[PDB]
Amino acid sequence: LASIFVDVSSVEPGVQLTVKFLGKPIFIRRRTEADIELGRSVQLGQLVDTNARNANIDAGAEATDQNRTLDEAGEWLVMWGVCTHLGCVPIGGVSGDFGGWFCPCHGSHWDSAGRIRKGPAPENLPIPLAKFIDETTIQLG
C-alpha cells in the first residue's frame, strides 16, 4: 500500500522534517509557540484562501489554524511542500513576510499555518492524509 510511516520523535520545536512521498516533498513542521499564536491571531476575513485544503477533514472546512494542524495543541503542521502556483518548493524556517514560507519562483508567501497571504499562488498549501498512529509516528496516506 502507498502509506508511509514517519518517526517524528526527534523533531524539536522550530524544526521542519521534509520527507518525500508520491514523488514530492511533505513538510512536517513542529511549530514554535510563536508560530502557533500568530497562526491563531489571523481572522478568516484576512485570508486570501479561506478553505482548509485539508484531506483529513470536510472539504468545505474553514482555514482556521485549528483546521490546519493534526493536533489540537497546534504543534504539528503537515503539508505538501508544493507551491500552489506552479509547483516550486517553498522555502521555510520562518521565511517571507508572514512568518511561514516563501516561494522564490514568483514571490508567493504563506503564513505560519501555510495559508497563502501574498503573491500569485491561489491556495493554501494542501494538507495530505496524515495522522498520528502513536506518540512518535505520523502515517502519511
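Start at 1 with the first residue shown and count on from there.
- As listed in the deposited structure, the average C-alpha B-factor of 64-72 and of 99-107 is greater for 99-107.
- A summary of the deposited B-factors shows that, of 109-117 and 82-90, the stretch with the larger mean C-alpha value is 82-90.
- When the Cα B-factors of 57, 44, 26, 77 are read from the PDB record, 44 comes out highest.
- Residue 48: CA B factor in the highest third of modelled residues in this chain (values from the PDB entry).
- In this PDB entry, the Cα temperature factor of residue 2 sits in the top third of its chain's modelled residues, the highest group.
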